[PDB]
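Quick look at data12.cif (mmCIF, C-alpha atoms):
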```cif
data_start
loop_
_atom_site.label_atom_id
_atom_site.label_comp_id
_atom_site.auth_asym_id
_atom_site.auth_seq_id
_atom_site.Cartn_x
_atom_site.Cartn_y
_atom_site.Cartn_z
CA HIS A 438 134.66 103.02 132.06
CA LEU A 439 134.15 103.23 128.33
CA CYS A 440 131.49 100.66 128.24
CA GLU A 441 129.59 102.04 131.04
CA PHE A 442 129.79 105.60 130.30
CA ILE A 443 129.30 105.35 126.68
CA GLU A 444 126.21 103.72 127.79
CA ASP A 445 124.84 106.99 129.14
CA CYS A 446 127.19 109.17 127.20
CA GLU A 447 125.47 108.03 124.02
CA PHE A 448 126.23 108.85 120.32
CA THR A 449 125.76 106.09 117.96
CA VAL A 450 128.62 107.28 115.83
CA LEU A 451 131.28 106.48 118.40
CA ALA A 452 129.95 103.06 118.65
CA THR A 453 130.63 102.53 115.01
CA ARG A 454 134.20 103.25 115.34
CA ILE A 455 134.81 101.44 118.52
CA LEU A 456 132.83 98.49 117.30
CA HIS A 457 134.98 98.10 114.37
CA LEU A 458 138.08 98.03 116.60
CA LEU A 459 136.61 95.86 119.19
CA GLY A 460 135.59 93.66 116.37
CA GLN A 461 139.08 92.64 115.85
CA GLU A 462 140.21 92.41 119.42
CA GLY A 463 138.07 89.97 121.38
CA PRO A 464 139.56 86.91 123.25
CA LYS A 465 143.14 87.96 123.19
CA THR A 466 141.95 90.04 126.11
CA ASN A 467 139.75 87.71 128.02
CA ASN A 468 137.31 88.56 130.84
CA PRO A 469 134.60 86.75 129.02
CA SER A 470 131.59 87.10 131.20
CA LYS A 471 131.99 90.76 131.45
CA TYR A 472 132.74 91.24 127.92
CA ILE A 473 129.65 89.23 127.00
CA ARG A 474 127.84 91.07 129.59
CA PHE A 475 128.69 94.22 127.80
CA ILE A 476 128.05 92.95 124.47
CA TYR A 477 124.62 92.01 125.17
CA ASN A 478 123.96 95.46 126.34
CA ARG A 479 125.31 97.05 123.29
CA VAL A 480 122.97 95.15 121.26
CA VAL A 481 120.22 95.88 123.82
CA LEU A 482 119.73 99.17 122.20
CA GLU A 483 117.46 99.33 119.34
CA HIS A 484 118.70 99.76 115.95
CA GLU A 485 118.98 96.84 113.87
CA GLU A 486 122.18 98.52 113.24
CA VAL A 487 123.31 98.74 116.90
CA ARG A 488 122.38 95.26 117.39
CA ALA A 489 124.26 94.17 114.32
CA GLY A 490 127.71 95.25 115.45
CA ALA A 491 127.84 92.87 118.39
CA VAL A 492 127.46 90.02 115.96
CA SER A 493 130.07 91.31 113.54
CA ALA A 494 132.73 92.00 116.19
CA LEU A 495 132.04 88.61 117.39
CA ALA A 496 133.22 86.90 114.27
CA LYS A 497 136.85 87.48 115.01
CA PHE A 498 136.07 86.67 118.55
CA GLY A 499 133.95 83.62 118.17
CA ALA A 500 136.36 82.09 115.93
CA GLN A 501 139.04 82.48 118.49
CA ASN A 502 136.91 81.59 121.45
CA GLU A 503 138.14 82.32 124.92
CA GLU A 504 138.39 80.99 128.56
CA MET A 505 135.15 79.06 128.00
CA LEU A 506 133.77 79.86 124.54
CA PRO A 507 133.61 77.29 121.76
CA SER A 508 130.85 75.01 123.07
CA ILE A 509 128.83 77.70 124.28
CA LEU A 510 129.72 79.87 121.32
CA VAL A 511 127.87 77.32 119.42
CA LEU A 512 125.03 77.40 121.98
CA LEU A 513 124.63 81.21 122.05
CA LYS A 514 123.69 82.10 118.52
CA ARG A 515 120.82 79.80 119.15
CA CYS A 516 119.87 81.34 122.45
CA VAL A 517 119.78 84.80 121.12
CA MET A 518 117.73 85.06 117.93
CA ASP A 519 115.51 87.70 116.21
CA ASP A 520 112.76 88.45 113.86
CA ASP A 521 111.84 91.82 112.56
CA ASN A 522 112.26 90.74 109.02
CA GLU A 523 115.44 92.19 107.87
CA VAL A 524 116.45 92.20 111.40
CA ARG A 525 114.92 88.70 111.23
CA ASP A 526 116.97 88.13 108.24
CA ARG A 527 120.09 89.31 109.90
CA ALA A 528 119.70 86.58 112.52
CA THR A 529 118.57 84.09 109.96
CA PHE A 530 121.19 84.94 107.45
CA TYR A 531 124.09 84.97 109.77
CA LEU A 532 122.76 81.72 110.75
CA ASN A 533 122.08 80.86 107.21
CA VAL A 534 125.60 81.77 106.38
CA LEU A 535 126.58 79.77 109.34
CA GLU A 536 124.27 77.09 108.03
CA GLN A 537 126.07 77.29 104.78
CA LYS A 538 129.81 76.66 106.04
CA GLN A 539 131.41 74.13 108.46
CA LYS A 540 131.60 76.60 111.12
CA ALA A 541 135.24 76.12 111.53
CA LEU A 542 135.82 76.72 107.87
CA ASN A 543 133.24 79.39 107.98
CA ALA A 544 135.17 81.30 110.46
CA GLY A 545 138.34 81.04 108.48
CA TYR A 546 137.08 82.43 105.20
CA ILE A 547 134.88 85.15 106.56
CA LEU A 548 137.28 86.43 109.15
CA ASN A 549 139.64 87.21 106.44
CA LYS B 324 74.18 92.15 119.82
CA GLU B 325 73.63 89.52 122.35
CA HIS B 326 70.47 89.16 120.43
CA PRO B 327 72.75 86.68 118.97
CA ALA B 328 69.67 85.51 117.06
CA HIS B 329 71.13 88.44 115.30
CA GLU B 330 69.18 89.20 112.22
CA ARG B 331 70.75 89.67 108.72
CA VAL B 332 69.18 92.91 107.82
CA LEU B 333 70.03 94.83 110.72
CA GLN B 334 73.62 94.52 110.06
CA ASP B 335 72.84 95.70 106.68
CA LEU B 336 71.15 98.93 107.75
CA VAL B 337 74.33 100.12 109.13
CA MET B 338 75.68 101.54 105.95
CA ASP B 339 72.91 103.92 105.79
CA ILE B 340 73.62 105.06 109.07
CA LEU B 341 77.17 105.03 108.18
CA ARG B 342 76.69 107.39 105.46
CA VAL B 343 76.06 110.02 107.98
CA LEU B 344 79.61 109.61 109.19
CA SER B 345 80.85 111.61 106.29
CA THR B 346 79.86 114.37 108.42
CA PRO B 347 82.78 113.43 110.46
CA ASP B 348 83.76 113.20 114.09
CA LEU B 349 86.32 110.47 114.04
CA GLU B 350 85.91 109.43 117.45
CA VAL B 351 82.35 108.62 116.79
CA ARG B 352 83.36 107.16 113.49
CA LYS B 353 85.87 105.05 115.12
CA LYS B 354 83.33 103.62 117.43
CA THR B 355 81.43 102.80 114.38
CA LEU B 356 84.14 100.95 112.67
CA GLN B 357 84.65 98.52 115.34
CA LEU B 358 81.03 98.15 115.58
CA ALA B 359 80.61 97.79 111.99
CA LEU B 360 83.10 95.09 111.46
CA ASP B 361 81.35 92.64 113.47
CA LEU B 362 78.37 91.81 111.55
CA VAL B 363 79.86 90.66 108.46
CA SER B 364 79.98 86.99 107.89
CA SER B 365 82.19 88.00 104.97
CA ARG B 366 79.07 89.15 103.13
CA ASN B 367 76.81 92.18 103.10
CA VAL B 368 80.26 92.82 102.29
CA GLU B 369 80.51 93.74 98.77
CA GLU B 370 78.05 96.33 98.63
CA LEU B 371 79.84 97.56 101.42
CA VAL B 372 83.22 97.10 99.93
CA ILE B 373 82.17 99.04 97.17
CA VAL B 374 81.01 101.48 99.47
CA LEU B 375 84.30 101.34 101.08
CA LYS B 376 85.80 102.08 97.93
CA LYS B 377 83.46 104.89 97.74
CA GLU B 378 84.80 105.87 100.96
CA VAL B 379 88.07 105.55 99.57
CA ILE B 380 87.38 107.89 96.89
CA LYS B 381 85.86 110.11 99.26
CA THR B 382 88.87 109.76 101.34
CA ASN B 383 90.96 111.02 98.55
CA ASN B 384 88.93 114.15 97.87
CA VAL B 385 91.39 116.98 98.60
CA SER B 386 91.60 116.26 102.20
CA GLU B 387 93.25 117.90 105.07
CA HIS B 388 93.17 114.82 107.26
CA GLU B 389 93.75 115.27 110.83
CA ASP B 390 91.16 112.98 112.30
CA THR B 391 90.23 110.96 109.44
CA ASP B 392 93.65 109.79 109.04
CA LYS B 393 93.26 107.90 112.14
CA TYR B 394 90.18 106.48 110.87
CA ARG B 395 91.98 105.23 107.94
CA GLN B 396 94.33 103.27 109.96
CA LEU B 397 91.58 101.88 111.91
CA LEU B 398 89.61 101.12 108.96
CA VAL B 399 92.31 99.17 107.64
CA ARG B 400 92.39 97.18 110.73
CA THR B 401 88.79 96.61 110.65
CA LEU B 402 89.22 95.73 107.14
CA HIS B 403 92.08 93.55 107.76
CA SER B 404 90.18 91.22 109.84
CA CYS B 405 87.58 90.51 107.36
CA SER B 406 89.84 89.47 104.74
CA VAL B 407 91.40 86.99 106.98
CA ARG B 408 88.20 85.30 107.01
CA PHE B 409 87.30 86.05 103.61
CA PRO B 410 88.26 85.52 100.22
CA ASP B 411 88.61 88.97 99.05
CA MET B 412 89.19 90.58 95.73
CA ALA B 413 90.08 93.47 93.49
CA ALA B 414 89.16 95.92 96.09
CA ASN B 415 92.30 94.88 97.76
CA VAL B 416 94.40 95.49 94.78
CA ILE B 417 93.30 98.93 95.08
CA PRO B 418 94.76 99.29 98.52
CA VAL B 419 97.90 98.31 97.09
CA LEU B 420 97.63 101.06 94.68
CA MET B 421 96.36 103.38 97.26
CA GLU B 422 99.18 102.67 99.48
CA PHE B 423 101.56 103.62 96.68
CA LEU B 424 100.04 107.05 96.57
CA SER B 425 100.38 107.71 100.26
CA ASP B 426 103.40 109.04 102.19
CA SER B 427 103.76 108.13 105.94
CA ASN B 428 105.24 105.14 107.84
CA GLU B 429 102.34 103.75 109.76
CA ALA B 430 100.79 102.56 106.51
CA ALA B 431 104.06 101.03 105.44
CA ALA B 432 103.93 99.27 108.71
CA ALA B 433 100.54 97.97 107.87
CA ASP B 434 101.75 97.05 104.52
CA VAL B 435 104.55 95.34 105.91
CA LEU B 436 102.16 93.71 108.19
CA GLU B 437 100.61 92.61 105.09
CA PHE B 438 104.01 91.52 103.89
CA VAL B 439 104.15 89.23 106.68
CA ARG B 440 100.86 87.98 106.38
CA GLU B 441 100.71 87.44 102.82
CA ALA B 442 103.92 85.63 103.14
CA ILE B 443 101.96 83.24 105.23
CA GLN B 444 98.86 83.29 103.09
CA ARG B 445 100.10 82.41 99.66
CA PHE B 446 97.52 81.32 97.23
CA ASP B 447 99.76 83.61 95.34
CA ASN B 448 98.35 84.66 92.18
CA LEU B 449 97.45 88.09 93.03
CA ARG B 450 100.74 88.69 94.52
CA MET B 451 102.45 88.37 91.33
CA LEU B 452 100.36 90.98 89.70
CA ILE B 453 100.78 93.06 92.57
CA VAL B 454 104.43 92.43 92.52
CA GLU B 455 104.22 93.78 89.10
CA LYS B 456 102.18 96.64 90.33
CA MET B 457 104.65 97.19 92.84
CA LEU B 458 107.27 97.04 90.27
CA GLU B 459 105.76 99.95 88.75
CA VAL B 460 105.19 101.59 92.06
CA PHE B 461 108.62 101.06 92.88
CA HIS B 462 110.05 102.24 89.67
CA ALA B 463 107.72 105.09 90.07
CA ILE B 464 109.12 105.95 93.55
CA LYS B 465 112.11 106.43 96.08
CA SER B 466 112.30 106.70 99.98
CA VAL B 467 113.58 104.90 102.94
CA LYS B 468 110.40 103.10 103.17
CA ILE B 469 110.63 101.90 99.75
CA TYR B 470 114.21 101.21 100.24
CA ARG B 471 113.29 98.98 103.04
CA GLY B 472 110.56 97.54 100.94
CA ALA B 473 112.88 96.44 98.36
CA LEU B 474 114.78 94.61 100.85
CA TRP B 475 112.18 92.29 101.90
CA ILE B 476 110.73 91.81 98.55
CA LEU B 477 114.12 91.14 97.22
CA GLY B 478 114.43 88.73 99.90
CA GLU B 479 111.26 87.16 98.78
CA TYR B 480 112.01 86.64 95.04
CA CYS B 481 110.65 84.11 92.39
CA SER B 482 110.45 84.16 88.53
CA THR B 483 110.70 86.33 85.41
CA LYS B 484 114.15 84.93 86.00
#
```

Written form, structure tokens:
Amino acid sequence: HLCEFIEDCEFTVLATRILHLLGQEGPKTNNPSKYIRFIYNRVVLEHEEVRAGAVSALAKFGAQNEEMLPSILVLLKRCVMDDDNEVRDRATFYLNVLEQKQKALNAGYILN
Amino acid sequence: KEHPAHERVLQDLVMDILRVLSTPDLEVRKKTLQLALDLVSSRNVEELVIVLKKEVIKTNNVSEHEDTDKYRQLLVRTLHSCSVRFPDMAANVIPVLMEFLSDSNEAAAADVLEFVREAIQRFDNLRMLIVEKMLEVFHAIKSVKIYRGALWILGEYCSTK
């Protein structure tokens, strides 16, 4: 309900809060395809900023992986990628950051 | 124009004609600009450029742009193209300056466009000055646009360690 409605019940501000929370929660509650499905959408919206949250939430999530995620988790960041300079940069950088640590290690430091 | 035997001169006479444009009507003007761009094998250029600069001054003036603004953007496009081909010069520096003066996004977008481009183009030298120029501009200024500007530039970085 939240997901859907909020989508078409708007307000960016809400998203900030919820994002943050969601950010922690991920794969302890599974339903991956859906959740992904959502996540993509959330990003769908413009705003470098709106887009950005899906990646950040993801870090706790990614790290944990779910009912299918690690392989693919690795595949995805690749599949979804962006320019728009500082938006480019965000993709690049997260990557670059990613680039910079053994992704397993990477996850551990950053997450905390 | 498909008199592709296309004589030198003719291209050249344009400016004269173009002068008339100062008695505006953008829409007409606009048609001109496209038209204009074409002839230049990166030449009859300077005289023009100069003239452009004249335009530029003219553009300053006191203005109450409403139509001409548009023109400016266009001009810049028209202008942009040339440069690609050309080796260009001080004139260009001036845009940079000019741009600093200005206050609306579309230009920033162009600028940015330039950011991109230039990032590709790198013969560099100019940039550095400009970067300096910019440094001034920057010091000299505040805004989201700027704020954004900083970001990329910052991103870019080099010397004066």

Residue among A:545, A:479, A:523, A:531 lying closest to chain B, counting all atoms listed in the file |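 That would be A:523, the residue with the smallest distance to chain B.
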
Please write the residues picked by the PyMOL selection byres ((chain B and resi 439) around 12) on this file as a PyMOL selection string.
-> (chain A and resi 520-523+525) or (chain B and resi 431-438+440-445+472+475-476+479)

Write out as a PDB file with C-alpha atoms, in the frame of the given file the residues lying within 12 Å of residue 483 of chain B, counting all atoms listed in the file and excluding same-chain residues fewer than 5 positions away.
```pdb
ATOM      1  CA  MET B 451     102.450  88.370  91.330  1.00  0.00           C
ATOM      2  CA  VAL B 454     104.430  92.430  92.520  1.00  0.00           C
ATOM      3  CA  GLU B 455     104.220  93.780  89.100  1.00  0.00           C
TER       4      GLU B 455
END
```

Please write the residues picked by the PyMOL selection byres ((chain B and resi 404) around 12) on this file as number ranges by chain.
-> B: 356-357, 359-365, 397-403, 405-411, 437, 440

Option closest in space to chain B, from A:530, A:496, A:548, A:543 [counting only C-alpha atoms] | A:530

Residue contacts of residue 377 of chain B (12 Å, only C-alpha atoms) excluding same-chain residues fewer than 6 positions away, as a PyMOL selection string | chain B and resi 338+342+345+369-371+383-384+414+417

In terms of only C-alpha atoms, the residue from B:471, B:326, B:484, B:450 at minimal distance from residue 413 of chain B is B:450

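Taking atom CA of residue 524 of chain A and atom CA of residue 485 of chain A as endpoints, the distance between them is 5.8 Å.
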
Select, from B:481, B:473, B:416, B:373, the residue with the minimum atom-to-atom distance to chain A, counting only C-alpha atoms.
->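 Smallest distance to chain A is found for B:473.
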
From the list A:536, A:526, A:519, A:462, which residue is nearest chain B when using only C-alpha atoms?
->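 Looking only at the distances to chain B, the closest residue turns out to be A:526.
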
One decimal, Å: what's the distance from atom CA of residue 376 of chain B over to atom CA of residue 341 of chain B, could you say?
->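 Rounded to one decimal, the two atoms are 13.7 Å apart.
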
Top pick for closest residue to chain B, considering A:461, A:537, A:529, A:549 and counting all atoms listed in the file | A:529

What is the atom CA of residue 379 of chain B to atom CA of residue 344 of chain B distance in Å?
-> 13.4 Å

Report the residues retrieved by the PyMOL selection byres ((chain A and resi 464) around 10) from the displayed file, expressed as a compact mmCIF listing (two decimals) with C-alpha atoms, keeping the file's coordinate frame.
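Contents of selection-v1.txt, freshly written:
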```txt
# COMPACT_ATOMS: atom_id res chain seq x y z
CA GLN A 461 139.08 92.64 115.85
CA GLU A 462 140.21 92.41 119.42
CA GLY A 463 138.07 89.97 121.38
CA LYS A 465 143.14 87.96 123.19
CA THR A 466 141.95 90.04 126.11
CA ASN A 467 139.75 87.71 128.02
CA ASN A 468 137.31 88.56 130.84
CA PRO A 469 134.60 86.75 129.02
CA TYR A 472 132.74 91.24 127.92
CA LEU A 495 132.04 88.61 117.39
CA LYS A 497 136.85 87.48 115.01
CA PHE A 498 136.07 86.67 118.55
CA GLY A 499 133.95 83.62 118.17
CA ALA A 500 136.36 82.09 115.93
CA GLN A 501 139.04 82.48 118.49
CA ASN A 502 136.91 81.59 121.45
CA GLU A 503 138.14 82.32 124.92
CA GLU A 504 138.39 80.99 128.56
CA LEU A 506 133.77 79.86 124.54
```

Neighbourhood query: residues within 12 Å of (121.6, 94.0, 124.5), file coordinates, counting only C-alpha atoms; return as a list in words.
-> residues 444, 472, 473, 474, 475, 476, 477, 478, 479, 480, 481, 482, 483, 484, 485, 487, 488, 489, 490, 491, 492, 517 and 518 of chain A

Build an axis-aligned box that encloses every atom of segment 513-527 of chain A listed in the file, pad it by 4 Å on each side, and report its centre and edge lengths in Å to one decimal, as JSON.
```
{"center_x": 118.2, "center_y": 86.0, "center_z": 115.2, "size_x": 20.8, "size_y": 20.4, "size_z": 22.6}
```

Can you tell me, as a ChimeraX atom specification, what residues are no more than 12 Å from residue 443 of chain A when counting all atoms listed in the file, ignoring any on the same chain fewer than 3 positions away?
-> /A:438-440,446-452,455,475,478-479

With C-alpha atoms kept, could you save the residues just selected as a PDB file, in the frame of the given file?
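To be explicit, this is the file written out as part.pdb:
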```pdb
ATOM      1  CA  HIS A 438     134.660 103.020 132.060  1.00  0.00           C
ATOM      2  CA  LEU A 439     134.150 103.230 128.330  1.00  0.00           C
ATOM      3  CA  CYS A 440     131.490 100.660 128.240  1.00  0.00           C
ATOM      4  CA  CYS A 446     127.190 109.170 127.200  1.00  0.00           C
ATOM      5  CA  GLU A 447     125.470 108.030 124.020  1.00  0.00           C
ATOM      6  CA  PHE A 448     126.230 108.850 120.320  1.00  0.00           C
ATOM      7  CA  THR A 449     125.760 106.090 117.960  1.00  0.00           C
ATOM      8  CA  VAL A 450     128.620 107.280 115.830  1.00  0.00           C
ATOM      9  CA  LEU A 451     131.280 106.480 118.400  1.00  0.00           C
ATOM     10  CA  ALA A 452     129.950 103.060 118.650  1.00  0.00           C
ATOM     11  CA  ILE A 455     134.810 101.440 118.520  1.00  0.00           C
ATOM     12  CA  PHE A 475     128.690  94.220 127.800  1.00  0.00           C
ATOM     13  CA  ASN A 478     123.960  95.460 126.340  1.00  0.00           C
ATOM     14  CA  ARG A 479     125.310  97.050 123.290  1.00  0.00           C
TER      15      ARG A 479
END
```

Some atoms are absent from segment 380-391 of chain B, so rebuild N, CA and C atoms and return them as a CSV table (one decimal), in the coordinates of the input.
```csv
chain,number,residue,atom,x,y,z
B,380,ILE,N,87.2,106.8,97.7
B,380,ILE,CA,87.4,107.9,96.9
B,380,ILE,C,87.2,109.1,97.6
B,381,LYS,N,86.3,109.1,98.5
B,381,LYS,CA,85.9,110.1,99.3
B,381,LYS,C,87.0,110.5,100.1
B,382,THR,N,87.8,109.6,100.5
B,382,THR,CA,88.9,109.8,101.3
B,382,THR,C,89.9,110.5,100.6
B,383,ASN,N,90.0,110.3,99.3
B,383,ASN,CA,91.0,111.0,98.6
B,383,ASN,C,90.5,112.5,98.7
B,384,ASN,N,89.5,112.8,97.8
B,384,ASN,CA,88.9,114.2,97.9
B,384,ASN,C,89.7,115.5,97.7
B,385,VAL,N,90.7,115.7,98.6
B,385,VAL,CA,91.4,117.0,98.6
B,385,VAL,C,92.0,117.2,99.9
B,386,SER,N,91.5,116.5,100.8
B,386,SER,CA,91.6,116.3,102.2
B,386,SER,C,92.7,117.0,102.9
B,387,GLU,N,92.4,117.1,104.2
B,387,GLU,CA,93.2,117.9,105.1
B,387,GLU,C,93.1,117.1,106.3
B,388,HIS,N,93.4,115.8,106.2
B,388,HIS,CA,93.2,114.8,107.3
B,388,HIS,C,93.8,115.2,108.5
B,389,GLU,N,93.2,115.0,109.6
B,389,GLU,CA,93.8,115.3,110.8
B,389,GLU,C,93.1,114.3,111.7
B,390,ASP,N,92.0,113.7,111.4
B,390,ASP,CA,91.2,113.0,112.3
B,390,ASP,C,90.8,111.8,111.6
B,391,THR,N,90.6,112.0,110.3
B,391,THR,CA,90.2,111.0,109.4
B,391,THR,C,91.3,110.1,109.1
```
